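Asker: After the structure tokens below, expect a handful of questions from me.
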Amino acid sequence: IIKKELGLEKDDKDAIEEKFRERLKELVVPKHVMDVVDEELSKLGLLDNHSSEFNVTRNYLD
Amino acid sequence: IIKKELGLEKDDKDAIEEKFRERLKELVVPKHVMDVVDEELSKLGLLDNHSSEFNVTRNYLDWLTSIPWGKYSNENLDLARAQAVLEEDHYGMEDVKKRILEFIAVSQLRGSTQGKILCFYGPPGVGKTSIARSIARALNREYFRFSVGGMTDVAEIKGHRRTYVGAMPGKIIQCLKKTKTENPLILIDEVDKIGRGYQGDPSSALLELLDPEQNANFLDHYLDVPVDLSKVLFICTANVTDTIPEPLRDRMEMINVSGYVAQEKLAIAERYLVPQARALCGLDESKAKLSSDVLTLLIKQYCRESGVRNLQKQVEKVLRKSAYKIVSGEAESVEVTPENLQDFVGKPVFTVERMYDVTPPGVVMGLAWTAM
Amino acid sequence: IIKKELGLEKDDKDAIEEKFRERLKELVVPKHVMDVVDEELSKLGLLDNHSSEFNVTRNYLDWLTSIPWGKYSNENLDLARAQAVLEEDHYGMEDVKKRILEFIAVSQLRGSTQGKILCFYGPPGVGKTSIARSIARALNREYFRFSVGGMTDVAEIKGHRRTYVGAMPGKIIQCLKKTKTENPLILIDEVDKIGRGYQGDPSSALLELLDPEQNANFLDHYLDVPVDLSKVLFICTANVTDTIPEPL
Amino acid sequence: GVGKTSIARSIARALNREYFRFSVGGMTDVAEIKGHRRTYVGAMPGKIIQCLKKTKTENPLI
Ligand SMILES: Nc1ncnc2c1ncn2[C@@H]1O[C@H](COP(=O)(O)OP(=O)(O)O)[C@@H](O)[C@H]1O
Ligand SMILES: Nc1ncnc2c1ncn2[C@@H]1O[C@H](COP(=O)(O)OP(=O)(O)O)[C@@H](O)[C@H]1O
Ligand SMILES: Nc1ncnc2c1ncn2[C@@H]1O[C@H](COP(=O)(O)OP(=O)(O)O)[C@@H](O)[C@H]1O
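Chains as they are written, first to last, in the authors' numbering: chain E, 402 to 463; chain C, 402 to 773; chain D, 402 to 649; chain F, 526 to 587.
Here it is, written out as structure tokens:
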């Protein structure tokens with residue numbers, strides 16, 4: 402119950418998701434890069450949080 | 402009520418938050434790094450201990466907090482004391498001493514302390530690194546050297562991306578962490594030896610590092626946040642001023658520390674080399690003793706170059722053999738003379754001051770300004 | 402509960418903390434690596450045993466603790482004894498023996514021991530490796546050899562980042578683990594045979610290793626902690642001197 | 526821009542089997558058809574399963 406609205410409800414990756422979404426929210430972002438970022442975030446959520454490819458994907462996303 | 406449920410000492414986490422906060426409390430912290438730290442700590446709290454991203458975040462945040470932010474060493478500004486220290490540590494090099502005294506004077510008149518680039522170009526075995534250390538200790542700013550010779554990986558200056566696990570920041574951030582101040586005495590060695598080969602071109606990074614207006618916002622790839630390098634006192638050393646890049650050559654004041662004639666080298670050896678190597682060999686003045694004539698013979702027959710390092714090798718060899726002759730040898734003390742010298746170092750090498758002294762027809766002597 | 406009262410209680414079941422504590426208790430460990438080890442122990446306690454990351458953490462901690470820290474192997478100092486030993490296991494080679502006696506004398510006069518770098522260059526099959534072994538035997542410091550010839554990658558000297566699957570430390574780390582000493586006698590063989598090609602240039606690592614002042618804080622990719630190397634005595638063997646790098 | 530997709534659509538309509546299209550251009554990760562073991566959080570099946578589910582048949586025009 403505590404995890405609700407606190408704790409690890411983001412799972413160490415949705416934090417990255419929301420952080421980048423708010424970072425790009427103010428920006429007038431083109432649609433192409435928008436869908437590219439969506440696909441990259443989907444892949445990141447499709448990968449673990451302890452692999453080299455996950456870290457490289459995070460690097461590219463940053 | 403949701404919050405107040407099974408506190409259990411908060412699982413021992415969030416103590417790192419307070420530790421970093423107190424670590425930063427003493428520093429004068431810019432707004433950019435402060436907000437980055439706040440957001441990073443929020444993310445760290447949101448995360449768990451096991452996650453790899455959490456470990457990378459902790460490493461990056463420890464690097465960031467270990468930086469000296471607004472922390473400046475208590476720089477020495479007295480001119481007489483600095484002059485006495487420099488004269489007591491090295492001989493000659495009057496131009497460098499005058500330049501450093503003038504820098505001290507302008508910094509004192511200028512209020513806050515500043516740092517500017519100035520390259521010491523001259524032959525090897527002349528005392529450029531040693532005078533850099535002397536300046537660091539006399540002026541009270543910390544010291545750190547950096548070998549750029551034959552370097553091609555710009556990551557040594559600009560670090561890594563901080564993403565690849567095990568990535569390390571630029572060596573300058575390492576120096577800032579170790580020295581603990583933003584006004585060190587950084588020294589770059591073998592500037593002229595850069596190869597800037599494939600995937601390199603570190604000369605661009607050096608330009609960004611030394612440019613007095615760009616360097617103030619220098620950032621490495623690992624720690625993307627910028628840092629202020631308007632007070633760092635860089636030093637560059639190169640035996641030749643031609644191979645050094647023009648954009649980097651014209652960005653600093655080139656000071657010449659060149660050559661040591663027989664009398665000058667003899668004075669240096671008598672007052673600075675012999676005691677240093679003697680202390681290195683765990684000896685005392687009484688036990689091991691050399692005559693000025695012996696030093697002159699070493700200079701004029703066992704060492705032929707503007708530098709001094711070969712004379713250092715010879716004096717170290719004689720002192721080592723004296724130490725052997727003292728520990729186990731019959732002689733409790735040594736009085737080195739040319740007559741004895743033959744056994745301490747061997748027969749002379751340079752028996753001729755020149756190729757010849759007649760200059761037959763069709764051949765003439767000339768002077769060359771070689772790299773060494 | 403009975404097992405806790407009588408059994409394995411505090412033995413290899415989360416007691417690896419205490420095992421490594423006692424293992425390092427003998428060593429005169431630094432303080433930076435002390436806080437590092439405390440942090441790693443906290444992680445291991447907070448890490449579940451089954452997880453692969455827990456096992457990798459234990460592997461890294463074993464690698465770190467296995468290194469000596471302040472372990473100065475006792476050094477022979479009787480000059481006559483070492484002289485007799487050298488004259489017993491090798492003929493001639495007067496210059497090398499004289500240099501070794503000079504080193505012994507300066508170490509004795511300094512009190513504490515110290516380690517410098519010196520290269521034996523000459524034709525193959527002359528006794529350079531054998532007299533290095535004899536010097537290790539007489540001086541009593543442990544002996545290890547390293548063939549750097551025909552070698553390009555620096556990984557075998559500075560290991561890996563520890564993140565690559567099965568990343569391993571440098572060969573010097575293996576030597577330190579095997580010797581159980583902080584001042585062993587490393588022997589670099591075929592120094593003049595380095596290739597220093599693409600992605601290589603191990604001469605940079607060699608210079609960082611043999612630097613009289615930077616050596617005191619050498620560290621590799623796998624282990625990111627400095628190690629003191631001002632007392633280790635290196636020996637370099639090369640059939641010729643021209644092809645060896647000038648900075649080295 | 527030659528209508529090959531339109532040719533496939535017309536073939537499906539004339540054959541009465543459901544239509545679907547798959548993009549294999551530049552793909553490197555076979556997981557888009559092989560999905561993932563479902564043991565990892567967020568794992569998703571391949572695209573052929575999506576085609577079968579959406580088409581509501583085992584005899585579509587892939
Ligand atoms: N004027 C001098 N006074 C004292 N020592 C000197 C002088 N010139 C040279 N040396 C000695 O020569 C050595 C040169 O050090 P090094 O790192 O080679 O600097 P550089 O490359 O400028 O010669 C120093 O250890 C220093 O003791
Ligand atoms: N002066 C000597 N005294 C005793 N043995 C020698 C001497 N010179 C050479 N040898 C022998 O020759 C062999 C040469 O092998 P090694 O010394 O490893 O070659 P290198 O000297 O090229 O490293 C050794 O096993 C050694 O026993
Ligand atoms: N032979 C054709 N007759 C009529 N329309 C055609 C023909 N070829 C292509 N088209 C037009 O092309 C469009 C679809 O093109 P598309 O399938 O995207 O090209 P491609 O197959 O190269 O990807 C349709 O709207 C269709 O009207």
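Every residue, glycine too, gets a C-beta built ideally from N, C-alpha and C.
Is DSSP giving residue 680 (chain D) helix, strand or coil here?
Answerer: Within the shown structure, residues of chain D are numbered from 402 to 649, placing residue 680 (chain D) beyond reach of any answer.
Asker: Are there 16 or more other CB atoms within 10 angstroms of the CB of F504 (chain C), so buried, or fewer, so exposed?
Answerer: Buried.
Asker: Taking only the alpha-carbon atoms, compute the straight-line gap between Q484 (chain D) and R538 (chain D) and give it to the nearest angstrom.
Answerer: Between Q484 (chain D) and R538 (chain D), the C-alpha separation is close to 12 Å.
Asker: So does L674 (chain C) have its beta carbon nearer than 7 Å to some heavy atom of ligand 1?
Answerer: At least one heavy atom of ligand 1 is nearer than 7 Å to the Cβ of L674 (chain C), so yes.
Asker: Looking at the unbroken beta strand (DSSP E) that takes in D590 (chain C), where does it start and where does it end?
Answerer: Element bounds for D590 (chain C): 586 to 590.
Asker: Please tell me whether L667 (chain C) and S693 (chain C) are closer than 8 Å, where the distance is taken between their beta carbons.
Answerer: Result yes, Cβ atoms of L667 (chain C) and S693 (chain C) sit closer than 8 Å.
Asker: Which residues in the same chain have their Cβ closer than 8 Å to the Cβ of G560 (chain F), if we skip the five residues on either side of it in sequence?
Answerer: These residues qualify, in order along the chain: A568, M569, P570, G571, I574.
Asker: Counting only beta-carbon atoms, is residue 398 (chain D) nearer than 8 Å to chain C?
Answerer: Nothing about residue 398 (chain D) can be read from this structure; chain D reaches only from 402 to 649.
Asker: Short of 7 Å in beta carbon distance, which residues of its chain neighbour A689 (chain C), apart from the five on each side in sequence? Order them along the chain.
Answerer: Excluding residues within five positions, the ones whose Cβ falls inside 7 Å are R679, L720, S723, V735.
Asker: Give the straight-line distance between the Cα atoms of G598 (chain C) and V549 (chain D), rounded to the nearest whole angstrom.
Answerer: Going from the Cα of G598 (chain C) to the Cα of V549 (chain D) covers about 24 Å.
Asker: Who sits around ligand 3, taking every residue whose Cβ is closer than 6 Å to one of its heavy atoms?
Answerer: Cβ atoms closer than 6 Å to ligand 3 belong to F:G526, F:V527, F:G528, F:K529, F:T530, F:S531.
Asker: Between the Cα of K581 (chain F) and the Cα atoms of F:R542, F:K529, F:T553, which residue gives the shortest distance?
Answerer: The option with the nearest alpha carbon to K581 (chain F) is F:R542.
Asker: State the DSSP-derived secondary structure class of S548 (chain C), mapped to helix, strand or coil.
Answerer: It is a strand residue.
Asker: Compare the beta carbon distance of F421 (chain C) and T466 (chain C) with 8 Å and say whether it is the shorter of the two.
Answerer: Result yes, Cβ atoms of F421 (chain C) and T466 (chain C) sit closer than 8 Å.
Asker: Cβ closer than 7 Å: which chain E residues qualify as neighbours of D449 (chain C)?
Answerer: The contacting residues are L409, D413.
Asker: Provide the residue span of the alpha helix (DSSP H) that contains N456 (chain D), from first to last.
Answerer: Note, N456 (chain D): alpha helix (DSSP H), 453 to 467.
Asker: Could you check what DSSP says for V527 (chain F) in three-state terms: helix, strand or coil?
Answerer: Looking at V527 (chain F) - three-state DSSP - the assignment turns out to be coil, as it is neither helix nor strand.
Asker: Determine the chain E residues that contact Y565 (chain C) at a beta-carbon separation under 9 Å, and present them in chain order.
Answerer: Chain E residues near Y565 (chain C): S453, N456, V457, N460.
Asker: In whole angstroms, give me the CA-to-CA distance for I587 (chain D) and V628 (chain D).
Answerer: Using only the alpha carbons, I get a separation of about 15 Å.
Asker: Under DSSP, the beta strand (DSSP E) around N657 (chain C) begins and ends at which residues?
Answerer: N657 (chain C) -> beta strand (DSSP E) spans 654 to 657.
Asker: Which class does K690 (chain C) belong to by DSSP, given the choice of helix, strand or coil?
Answerer: Strand.
Asker: How about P603 (chain C) and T553 (chain C): do their beta carbons lie closer than 8 Å?
Answerer: Yes.
Asker: Short of 8 Å in beta carbon distance, which residues of its chain neighbour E454 (chain E), apart from the five on each side in sequence? Order them along the chain.
Answerer: Contacts found: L448.
Asker: Does any C-beta atom of chain E lie closer than 8 Å to the C-beta of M552 (chain F)?
Answerer: No, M552 (chain F) lies away from the interface with chain E (no Cβ there is under 8 Å from its Cβ).
Asker: Tell me the DSSP secondary structure of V737 (chain C) in three-state form.
Answerer: The answer is strand: DSSP assigns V737 (chain C) an E or B state.
Asker: Among C:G516, C:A533, C:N460, whose alpha-carbon lies nearest the alpha-carbon of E440 (chain D)?
Answerer: Residue C:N460 is the option with its Cα nearest to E440 (chain D).
Asker: Verify the contact flag: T638 (chain D), CB atom, against every heavy atom of ligand 2, threshold strictly below 7 Å.
Answerer: Under cutoff, so the answer is yes.
Asker: Listing by chain order, which chain C residues have their CB less than 9 Å from the CB of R546 (chain D)?
Answerer: Ordered by position in chain C, no residue passes the 9 Å Cβ test against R546 (chain D), which lies about 26 Å from the chain.
Asker: DSSP puts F619 (chain C) in a beta bridge; with which residues?
Answerer: Partner(s): C:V628.
Asker: Tell me whether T697 (chain C) sits in a helix, a strand or coil according to DSSP, three-state version.
Answerer: It is helical.
Asker: Just to confirm, are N477 (chain C) and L540 (chain C) a CB contact at a threshold of 8 Å?
Answerer: Closer than 8 Å, so yes.
Asker: Compare the C-beta of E495 (chain D) with all C-beta atoms of chain C and state if any pair is closer than 8 Å.
Answerer: No, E495 (chain D) does not count as interfacial toward chain C.
Asker: If I follow the unbroken beta strand (DSSP E) through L519 (chain D), where does it start and stop?
Answerer: Per DSSP, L519 (chain D) belongs to the beta strand (DSSP E) from 518 to 522.
Asker: Name the two residues that bound the continuous alpha helix (DSSP H) containing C576 (chain F).
Answerer: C576 (chain F) -> alpha helix (DSSP H) spans 572 to 580.
Asker: Report the residue from D:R482, D:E410, D:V507 whose alpha carbon sits nearest the alpha carbon of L684 (chain C).
Answerer: Nearest option by C-alpha distance: D:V507.
Asker: Starting from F635 (chain C), trace the beta strand (DSSP E) in both directions and tell me its first and last residue.
Answerer: No beta strand (DSSP E) holds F635 (chain C); DSSP gives it neither H nor E.
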